[PDB]
Amino acid sequence: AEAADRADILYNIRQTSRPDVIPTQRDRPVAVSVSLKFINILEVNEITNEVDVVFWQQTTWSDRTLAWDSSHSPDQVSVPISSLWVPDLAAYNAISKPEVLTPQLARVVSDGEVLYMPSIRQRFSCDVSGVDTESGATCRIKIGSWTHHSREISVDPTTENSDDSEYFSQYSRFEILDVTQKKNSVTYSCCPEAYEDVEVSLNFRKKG
Amino acid sequence: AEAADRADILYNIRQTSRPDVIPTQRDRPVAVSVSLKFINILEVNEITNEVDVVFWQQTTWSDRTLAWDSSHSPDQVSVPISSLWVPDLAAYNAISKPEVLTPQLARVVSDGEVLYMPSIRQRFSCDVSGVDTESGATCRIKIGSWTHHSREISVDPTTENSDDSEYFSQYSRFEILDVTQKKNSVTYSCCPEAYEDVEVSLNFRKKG
Amino acid sequence: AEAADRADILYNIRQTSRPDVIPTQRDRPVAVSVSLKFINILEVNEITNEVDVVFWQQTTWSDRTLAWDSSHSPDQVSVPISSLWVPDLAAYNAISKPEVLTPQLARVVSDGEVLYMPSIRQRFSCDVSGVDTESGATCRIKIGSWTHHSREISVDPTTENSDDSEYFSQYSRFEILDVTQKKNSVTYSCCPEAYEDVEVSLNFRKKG
Amino acid sequence: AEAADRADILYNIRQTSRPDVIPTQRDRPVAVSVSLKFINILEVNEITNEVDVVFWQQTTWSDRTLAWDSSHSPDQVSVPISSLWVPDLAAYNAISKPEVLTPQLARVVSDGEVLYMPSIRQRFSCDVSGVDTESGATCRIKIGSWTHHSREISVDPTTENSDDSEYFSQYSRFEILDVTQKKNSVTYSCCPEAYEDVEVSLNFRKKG
Amino acid sequence: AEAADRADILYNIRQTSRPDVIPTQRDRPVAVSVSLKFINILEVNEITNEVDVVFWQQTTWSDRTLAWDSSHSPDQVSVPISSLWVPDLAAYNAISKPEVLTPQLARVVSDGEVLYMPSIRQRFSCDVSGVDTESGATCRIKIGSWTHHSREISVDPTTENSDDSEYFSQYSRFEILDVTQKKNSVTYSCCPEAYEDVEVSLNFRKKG
Ligand SMILES: N=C1NCCN1Cc1ccc(Cl)nc1
Ligand SMILES: N=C1NCCN1Cc1ccc(Cl)nc1
Ligand SMILES: N=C1NCCN1Cc1ccc(Cl)nc1
Ligand SMILES: N=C1NCCN1Cc1ccc(Cl)nc1
Ligand SMILES: N=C1NCCN1Cc1ccc(Cl)nc1
Ligand code: NA
Ligand code: NA
């Protein structure tokens, strides 16, 4: 006999959780990590500077309100994102809504760590010039919390321990040369607070 | 120990939320301020007089029924628009529904001030003539309450509007020459009362 | 101190509207007036006899179960259509589902009179022949109740007036010559009863 | 002073609605009739053997769990299909999901007879060869229950006979030569039971 | 009089299904079998290495929490998937969301065995090179659980012989030369556990 099973954990999470309440820990912002693992580049237009790509948006953060004693029960459960709070990230230069290609489930660990990694197809406005050259083009995608400023949400790249083209389609007409990520904190007109973002630089080119 | 946290504030807002009730203060109309920050100009057809544009629609208004004492609690919260009343604005010359590219969350201040600023991609019917000339074309976009007349909702350009081209994409095939906002008050045959609107004149041209 | 405010009125409507129940008074059918205000004519094709049109579909009818004494209270409110019964109108020759470009709110008057006027973009299969001539083309659009027969819903064209181009976009590649309506009552092979429709005739042509 | 009105009948149907429960009368299958009233033929590609069609899918069956004494009550009511059980019909050769152009309402008679007649636009994979000839093409469309076998649902062509092109648009680029039906009973490798379908053959040709 | 009817069964399922809870047996992984029956090949593009496929994704697994005594009651029922737990399968190389063409119902047998077989149209990124040769092309489709690792979900190519062109449309411009399945267990850089998938190799070519 155990202390709890998945049904108990999920039941408790659904019964509470509060999807609309940001899990700030006292006076600290929620530390969100986000990185883009590119899977494909389906269309590129050097005249209009538009690209159509697919990527896994690995997203992580902690939500202590989800934690549970796992000394005698499962250590993790897959949870519908509709049942928990998730960062309100947006790509500033996206020109289409994200088309989520995978089941919208996050993975919650008994300590409150949450991983959400949907595969997404989305179009963007970025620098496509040079794509047809050896040095390639460098398309920058900026992602960050849409409505939470720096005192509520911070964004940093996730860690990386693999090739930038690790999961990139070998059948794409393009190939990846380099993928880098840099964090930023920007203040805009509408509001007095600063908003953080991660800038992902996709350096790619048309294959020979 | 505080008086309340985000969970409590959001709970109170959700529980008393009358999304379908315009927050008129007595008999005064709800004063709505609107201004467009252009992000991109994607499709332009001078033959059909049609254009595709991406813009942030900064919308502000006061809803006193949302106010709370923040002396010992958070001063603001991000709230899903489905839990609040929002102006029923519509672009009169739009020929496509608004494609909202950002999380649909409004920011609510403890005094009742609300800010909703979605990034929208929408197609419009306007004058594209001259877009390929030095003077460029001037496309006018009209926005106002669809069902609330002047005595229930007033719409005015945002007083501070200096960032109209601040976020415009340097990668667009077009460039902005000027953005002007103006207010109107029209009476249409269908009905007796007058409906206010804001007219945004986008003077732009094709690079080259 | 008044008798009631919008919050009270909308609360009562939401609690008792009965959206699935046609508001027939005794045994008299619900008199639904339908009037199309043409806003734009977009992608016309004389080869396939298809056309894209944008119009305000002014729809009016009365629902006595919505009336309230507005002696000392608002005499009108905007209500989400999901909270009211609305006629099940359908465009017989439409070849695409209606794209509603406006907030789906109807205006309900204290005496029970209801007005719903969505701006719609929809494609139709009609006669485009002669669109390039001085006499132009005459595209007929048929609209009527899909499941309520003549004894339950009566559709009547509102003899609004002339000036059918009052709200027609000056930027369209086409122009409106004239708009006329007429009432039909058809018995289909599926069923014994008769279903009525208003047939709007749109005579238009490409601007010379 | 009647026995009941529409509000009472629709209240009882909604309250005891078992939308996910096939209403088999004891151990007898549910007898479903279906005939397709072709309204239009919009896209025809003889290269890829694909066609875009608009048709009224006249569907009828009996659900005795809906009946009510109509001595002094309405003889019938229109009911949102989401509140009733409907056959899980699927076109085996469709290559796009059905686009329902009409309000999703079914008509229920006091005896329990039900009629659901959506107007549908759908793309199909069929023989388009000889569409440009005088003999025309014969595109066969197969429709049957997707998850209910012959002992639970039987499917038969509607006995209702009428001009094939009876409601076919006169503005289509094509015209109908003839429409014949055929009832099949097939056994598929996945499952041990037999599944029924109605095969509708659309003999049409392009206009000269 | 029986022990139970479909109404009772579906009611118990609706009340106790727990759709967000994977039905792991005691502590073993849920054995999921997957088999793709190809129905059609459309929109092939050898330049971009993309193809549109229509297939029945035969999916089976066991959920003993659904079992019931059918000695005096129906042995099976069709259940809306929203009322059941279903494997969170995803096609790794799909570049469009799956378009489900059939009613989203699964078949649940009284012993607890579940079958879900939606017909799906979806675009893929794969090797289309050689489609115009006698050897044809070989497009591999990889499908596995997105958030459940090998210890929670195992995926296996159904063990059974079946003509690959059994249900393939005779009107497609392409034909199937052969179809083979391969099982895999993969560890992704994001996570420590291994995730299983089945890779289906579709060898097809353009018909002469
Ligand atoms: N995160 C961003 N990007 C541009 C402006 N902004 C901040 C912001 C703040 C509040 C609301 Cl409701 N919307 C946006
Ligand atoms: N804002 C506008 N534009 C055209 C007509 N109108 C006013 C209006 C009034 C009432 C209802 Cl239900 N809908 C629209
Ligand atoms: N309004 C029309 N047009 C064609 C047939 N019809 C009448 C009708 C009657 C009942 C149901 Cl459920 N659906 C449609
Ligand atoms: N319509 C038919 N005939 C044979 C198979 N099939 C499709 C089908 C049957 C049962 C389930 Cl759960 N899913 C899909
Ligand atoms: N099955 C796959 N493919 C890529 C990563 N992954 C595993 C995985 C783990 C956790 C969450 Cl929330 N999402 C996906
Ligand atoms: Na454990
Ligand atoms: Na300005």
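Structure determination for this entry, per the PDB record, employed X-ray crystallography and reached 2.09 Å resolution.

1. With respect to the coordination of the sodium ion (ligand 6)
Residues and elements named next belong to chain A. The sodium ion (ligand 6) binds to the protein through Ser70 (O), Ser73 (O) and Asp75 (OD), with metal-donor distances spanning 2.7 to 2.8 Å. Between consecutive donors of the sodium ion (ligand 6), the numbers of intervening residues give the motif S-x2-S-x1-D. Look at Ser70 and you get partly exposed, because its relative accessible area is 23%.

2. What about the site of ligand 3?
Residues in contact with ligand 3 amount to 14 residues; listed here are only the nearest, C:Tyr92, C:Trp146, C:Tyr195, D:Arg107 and D:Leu115. Those residues lying near ligand 3 are distributed over chains C and D. Side-chain polar atom of C:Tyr92 to a nitrogen atom of ligand 3: 2.7 Å apart, as the coordinates give it. Backbone polar atom of C:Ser145 to a nitrogen atom of ligand 3: 3.5 Å apart, as the coordinates give it. For the shell around ligand 3, the element with the highest residue contribution is strand β6 (residues 105-109) of chain D, accounting for three residues.

3. Regarding the relation of the copies chain B and chain C
Rotating chain B by 73° and translating it 0.1 Å along the rotation axis places it on chain C, where the RMSD comes to 0.7 Å. Put plainly, the chains are arranged around a five-fold axis. Ranked by how close their C-alpha atoms come to the rotation axis, the residues of chain B are headed by B:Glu99, at 11 Å.

4. Re the site of ligand 5
Taken together, the neighbourhood of ligand 5 is formed by 14 residues, with A:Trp56, A:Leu115, E:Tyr92, E:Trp146 and E:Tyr195 sitting nearest. More than one chain lines the surroundings of ligand 5; the residues nearby belong to chains A and E. Separating a nitrogen atom of ligand 5 from a side-chain N or O atom of E:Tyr92 is a distance of 2.7 Å. Residue E:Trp146 places a main-chain N or O atom 3.0 Å away from a nitrogen atom belonging to ligand 5. For ligand 5, the accessible surface in isolation is 370 Å², of which the surrounding protein chains cover 99%. Among the secondary structure elements, those contributing two or more residues to the shell around ligand 5 are β6 (105-109) and β7 (113-116) of chain A. Sorting elements by how many residues they give to the shell around ligand 5 places β6(A) first, with three residues. Taken together, the residues of the shell around ligand 5 sort by class into eleven nonpolar, two polar and one charged.

5. Examining the interface of chain B and chain C
With 30 residues of chain B at the contact, the number on the chain C side is 29 residues. Taking both sides of the interface into account, the surface hidden between chain B and chain C amounts to around 2,500 Å²; carbon and sulfur atoms contribute 54%. Our count for the chain B to chain C interface comes out at three salt bridges. Between B:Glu152 and C:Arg6 there is a salt bridge, and its shortest N-O distance comes to 3.3 Å. Across the contact surface, chain B and chain C share 15 residue pairs in polar contact. Here the side of chain B that touches chain C is composed, by residue class, of 13 nonpolar, nine polar and eight charged.

6. Side note on the UniProt feature "disulfide bond" in chain A
Residue and element names in this part refer to chain A. Judged by the under 2.5 Å criterion, the sulfur atoms of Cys126 and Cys139, which UniProt pairs in a disulfide, are close enough at 2.0 Å to be bonded in these coordinates. Of the two residues, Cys126 is situated in the loop between β8 (119-125) and β9 (137-145) and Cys139 in strand β9; the sequence distance between them amounts to 13 residues. The residues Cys126 and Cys139 share a single accessibility class, namely buried.

7. Structural notes on the state of the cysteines
The tally for this structure, following the rule as stated, stands at ten disulfides over all chains. Disulfide pairing is shown between B:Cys190 and B:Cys191; the S-S distance is 2.1 Å. A torsion of -105° about the S-S bond marks the disulfide between B:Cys190 and B:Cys191 as left-handed. With a relative accessible area of 30%, B:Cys190 lands in the partly exposed category. The partner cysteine of C:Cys126 in its disulfide is C:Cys139, sulfur to sulfur 2.0 Å. Given an S-S torsion of about -90°, the disulfide between C:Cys126 and C:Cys139 has left-handed geometry. The exposure class assigned to C:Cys139 is buried, which follows from its relative accessible area of 0%. What links to what in chain A: the bonded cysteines, counted in sequence order, pair as 1-2, 3-4.

8. Some details on the interface of chain A and chain E
You'll often see interface size given as the accessible area lost when the parts meet. Contact residues are listed per partner, giving 32 residues for chain A and 31 residues for chain E. Here chain A and chain E share an interface that buries about 2,600 Å² over both sides, 53% of which is from carbon and sulfur atoms. At the junction of chain A with chain E, the criterion picks out three salt bridges. Taking the shortest distance from any N to any O, the salt bridge between E:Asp20 and A:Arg14 comes out at 2.9 Å. Summed over the shared surface of chain A and chain E, the result is 14 residue pairs in polar contact. Elements represented by at least two residues in the side of chain A that touches chain E include exactly α1 (6-15), β1 (30-45), β2 (50-62), β3 (76-80), β5 (99-100), β6 and β8 of chain A. Counting residues per element, the side of chain A that touches chain E draws most heavily on α1(A), which supplies four residues. Here the side of chain A that touches chain E is built from residues that sort into 15 nonpolar, ten polar and seven charged.

9. So, the pairing of strand β8 (residues 119-125) of chain C
Residue and element names in this part refer to chain C. Counting buried positions along β8 yields seven of seven residues, so the element is predominantly enclosed. Across the two faces of β8 the burial is the same, with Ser119, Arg121, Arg123 and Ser125 and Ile120, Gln122 and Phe124 all buried. Strand direction decides the pairing type here: strand β2 (residues 50-62) and β8, joined by seven bridges, are antiparallel. Its bridge partner being in β8, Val51 is matched across the sheet by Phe124.

10. A closer look at the coordination of the sodium ion (ligand 7)
Residues and elements named next belong to chain B. At this site the sodium ion (ligand 7) is bound by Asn161 (O) and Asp164 (OD), with donor distances of 2.4 Å. Looking at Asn161, the relative accessible area reads 21%, which means it is partly exposed. By relative accessible area, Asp164 is classed as buried at 13%.

11. Observations concerning the arrangement of the chains
Looking at chain A next to chain D, you find no contact at all, with the nearest C-alpha pair sitting 18 Å apart. Across the gap from chain B to chain D, with no contact made, the nearest C-alpha atoms are 18 Å apart.

12. With respect to the pairing of strand β9 (residues 137-145) of chain C
Residues and elements named next belong to chain C. Of all nine residues in β9, seven are buried; the element is thus mostly enclosed. In this sheet, β9 lies alongside strand β4 (residues 89-91) in antiparallel orientation, the contact comprising three bridges. For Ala90, the partnering residue across the bridge sits in β9 and is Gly144. For β9 and strand β12 (residues 195-206), the ladder comprises eight bridges, and the chain directions are antiparallel. From the neighbouring strand, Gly144 faces β12, where its bridge partner is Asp197.

Rules of the game
- Residues numbered from 1 in each chain as written, not as in the entry; some residues may be left out.
- Chains lettered and ligands numbered in written order.
- Heavy atoms only, no water.
- Donors = N, O, S within 2.8 Å, 3.2 Å for Na, K, Ca; no water.
- Buried < 20%, exposed > 50% of the residue type's maximum accessible area, 1.4 Å probe, protein only.
- Near = heavy atom within 4 Å.
- Polar contact = N/O pair within 3.5 Å; in protein donor to acceptor, adjacent residues only side chain to side chain.
- Helix = DSSP H or I, 4+ residues; strand = E, 2+ residues; numbered from the N terminus.
- Least-squares fit on C-alpha atoms.
- Areas by Shrake-Rupley, 256 points an atom, 1.4 Å probe, with all protein chains shown as cover.
- Nonpolar A, V, L, I, M, F, W, Y, C, P; charged D, E, K, R; others polar.
- Contact = heavy atoms within 4.5 Å.
- Buried area = accessible area lost by both parts, 1.4 Å probe.
- Salt bridge = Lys/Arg side-chain N within 4 Å of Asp/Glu carboxyl O.
- Disulfide = S-S within 2.5 Å.
- UniProt positions renumbered as here; feature names shortened; annotations may be inferred.
- Pairing = 2+ DSSP bridges.

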